[PDB]
């Protein structure tokens with residue numbers, strides 16, 4: 006902004022979109038469903059790159075879960094269901110991931126480096142409350 | 006939403022605008038500058059109502075200062097406190113511009129998460145270094 010009015014007008018404006026949003030498997034990081042806010051071979055590359063991010067974040071999630079002794086970790090409760098929200102730097106992108114409570118599924122948000130980690134934590138907690146149908150969801154055999 | 010793709014598409018979307026944003030005096034809560042996110051007598055009414063909210067929030071801020085959560089923050093060795101207050105249905109966030117006689121004030125709908133107000137107001141405050149230590153003189 007170039008002046009006070011303009012500064013304030015800018016403070017009114019919403020923060021931008023997430024880059025992508027996913028439900029992925031907690032077991033192998035496979036994508037079950039996804040949305041992006043975004049020619050043919052570009053689309054494929056694009057899905058492959060999503061598959062790679064989901065895998066890496068699941069791997070970091072998994073490491074932190076089993077590490078007895083991570084950008085940050087926030088325990089949350091939803092109707093006496095517990096889960097943990099994690100944030101991760103991913104090559105200049107900001108990511109946020111949480112296990113859907115008692116389930117084999119993770120919810121994953123990916124955003125630009127300017128999107129504040131704190132807002133990801135808030136959004137993912139609010140979103141997780143909409144996914145009660147998926148609480149307890151169990152995958153069976155995958156191969 | 007109605008299905009999983011729809012739910013995920015919704016999670017992509019930005020949060021809405023603030024209802025309003027302003028710089029007001031820490032002394033009396035008078036408005037110096039403001040912006041809102043959207049007849050004659052409606053426009054005047056609308057300004058009167060902002061004046062009234064600014065006054066009330068300044069009064070609450072004043073109380074808390076000489077004694084609804086509070087987050088201390090630092091911007092290059094300068095300190096200030098971020099406060100959130102429920103209005104009626106509205107969510108509000110106010111912080112003194114460091115070392116100054118000014119407050120920065122955000123007002124949002126009841127659905128706007130307090131935590132985001134706290135985040136936004138700290139980010140916005142960082143663009144306001146020009147106004148650090150600004151002093152009001154006589155206001156007659």
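Chains as they are written, first to last, in the entry's author numbering: chain B, 6 to 43, 49 to 79, 83 to 156; chain A, 6 to 43, 49 to 77, 84 to 156. The beta-carbon is built from N, C-alpha and C at its ideal position, and this holds for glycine as well.
Q) Going along chain A, which residues have a C-beta under 8 angstroms from residue 82(B)? A) Coordinates for residue 82(B) are lacking, as chain B steps from 79 to 83 with nothing built in between.
Q. Roughly how many angstroms separate the alpha carbons of residue 62(B) and residue 36(B), rounded to a whole number?
A. Each residue's Cα considered, the two are about 10 angstroms apart.
Q. Between which two residues does the alpha helix (DSSP H) containing residue 51(B) stretch?
A. It spans 50-76 - the alpha helix (DSSP H) in which residue 51(B) sits, taken as one unbroken run.
Q. Between which two residues does the alpha helix (DSSP H) containing residue 10(A) stretch?
A. Its alpha helix (DSSP H) spans residues 9-17.
(Q) Can you look up residue 90(B) in the DSSP assignment and give me helix, strand or coil? (A) DSSP places residue 90(B) in strand when its eight states are reduced to three.
**Q.** residue 99(B) (DSSP reduced to helix, strand or coil)
**A.** Looking at residue 99(B) - three-state DSSP - the assignment turns out to be strand.
Q. In angstroms, rounded to a whole number, what distance separates the CA positions of residue 119(B) and residue 150(B)?
A. About 11 angstroms.
Q) At a CB-CB cut-off below 9 angstroms, which residues of chain B make contact with residue 39(A)? A) Within 9 angstroms Cβ-Cβ: 10 and 13.
Q: Tell me where the beta strand (DSSP E) around residue 37(B) begins and ends.
A: First-last of the beta strand (DSSP E) with residue 37(B): 36-41.
Q. Looking at C-alpha atoms only, which residue of 131(A), 152(A) and 49(A) is the closest neighbour of residue 113(A)?
A. Residue 113(A) has its Cα closest to that of 152(A), out of 131(A), 152(A) and 49(A).
Q) Whose Cβ in chain B lies nearer than 7 angstroms to the Cβ of residue 140(A)? A) 16, listed in chain order.
Q: Measure how close the beta-carbons of residue 67(B) and residue 101(B) come, nearest whole angstrom, since I'm counting them as under 8 angstroms.
A: Yes, residue 67(B) and residue 101(B) are in contact; Cβ-Cβ is about 6 angstroms, under 8 angstroms.
Q: Measuring alpha carbon to alpha carbon, tell me which of 49(A), 110(A) and 42(A) ends up nearest residue 74(A).
A: When each option's Cα is compared against that of residue 74(A), the closest is 110(A).
Q) Does DSSP put residue 124(B) in a helix, in a strand, or in coil? A) The answer is strand: DSSP assigns residue 124(B) an E or B state.
Q. Would residue 135(A) count as contacting chain B if we go by Cβ distances under 8 angstroms?
A. Put simply, the CB of residue 135(A) is near chain B, with a gap under 8 angstroms to one of its CB atoms.
(Q) With a threshold of 7 angstroms on Cβ separation, who are the neighbours of residue 70(B) within its own chain once the five nearest residues in sequence on each side are excluded? (A) Taken in chain order, the residues that qualify are 101.
Q: Measure the alpha-carbon distance for residue 83(B) versus residue 95(B) and round it to whole angstroms.
A: About 19 angstroms.
Q: Compare the C-beta of residue 129(B) with all C-beta atoms of chain A and state if any pair is closer than 8 angstroms.
A: Yes, residue 129(B) counts as interfacial toward chain A.
Q: Residues of the stretch 142-156 of chain B with a CB closer than 7 angstroms to any CB of chain A: list them in chain order, please.
A: Residues are counted here when their Cβ sits less than 7 angstroms from a Cβ of chain A; for the stretch 142-156 of chain B these are 143, given in chain order.
Q: Going by DSSP, name the residue or residues bridged to residue 145(B).
A: Per DSSP, none; premise fails for residue 145(B).
Q. Taking the C-alpha atoms as reference points, what is the distance between residue 145(A) and residue 64(B)?
A. So the two alpha carbons sit approximately 40 angstroms from each other.
Q) Leaving out the 5 sequence neighbours to the left and right, which residues in its chain are closer than 8 angstroms to residue 141(A) when beta-carbon positions are compared? A) Closer than 8 angstroms at the Cβ level, and outside the excluded window around residue 141(A), lie 89, 91, 96, 111, 113, 114 and 120.
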